[PDB]
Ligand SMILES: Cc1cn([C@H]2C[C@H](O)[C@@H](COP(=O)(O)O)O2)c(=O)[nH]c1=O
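Read the single chain below, which is given as structure tokens and is the form solved without this ligand.
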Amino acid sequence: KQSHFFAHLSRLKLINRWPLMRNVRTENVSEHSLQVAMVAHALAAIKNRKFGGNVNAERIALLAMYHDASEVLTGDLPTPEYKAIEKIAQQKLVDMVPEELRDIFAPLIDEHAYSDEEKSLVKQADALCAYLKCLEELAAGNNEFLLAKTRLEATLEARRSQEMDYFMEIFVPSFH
């Protein structure tokens, strides 16, 4: 009868990111995830408004909100077959959803269920938010994020798009 799904989701805030480093401010996955939802929805809106897109931006936000949800079960594995830790964790999380509601939540949690465009937008937003964390940490005189900023920059180019270009041009200078 009773599901522990939301009980586990409530632990996202407990999972800390960037653990191999001194952080001026510790960022948890719940915070990261809201920021990614917000950036991803903006990328989607921009693509629709300016670059011919036909994206469900509200849907994109919701995917972004759940994208790192399995980490309540695994913790954060920092990136310098673990896609298999992740797949298992996502399934175990989806298995907690009552059967009659599970088809709602499965494509939110399971990244393999994302269309190629949805996953592109979500991963653009994730890299920008990671990059933006690097700038905030830099701006507060923390040089430990120098390296991370440089590879994030390689990632950002790899995931380059018109909507990212716009975002970077218009909203990112303000983070200095």
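The numbering used is simple: start at 1 and walk along the sequence shown.
The form solved in complex with this ligand is left out here; the points below concern that form.
This form leaves room for this ligand: after superposition of the C-alphas round the site, using its pose in the deposited bound form, no atom of it sits within 2.4 Å of a backbone or C-beta atom. Three-residue candidate spot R17, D126 and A130; every residue lies within 4.5 angstroms of this ligand in the deposited bound form by at least one non-hydrogen atom. In the deposited bound form, this ligand sits beyond 4.5 Å of every heavy atom of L12. With a 4.5 Å cutoff on heavy atoms, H32 counts as touching this ligand in the deposited bound form.
In the deposited bound form, this ligand sits beyond 4.5 Å of every heavy atom of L156.
For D95, no non-hydrogen atom is located within 4.5 Å of this ligand in the deposited bound form, even though that partner is not displayed. Along 74-92, a non-hydrogen atom within 4.5 Å of this ligand in the deposited bound form is carried by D76, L77, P78, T79, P80, in order along the sequence.
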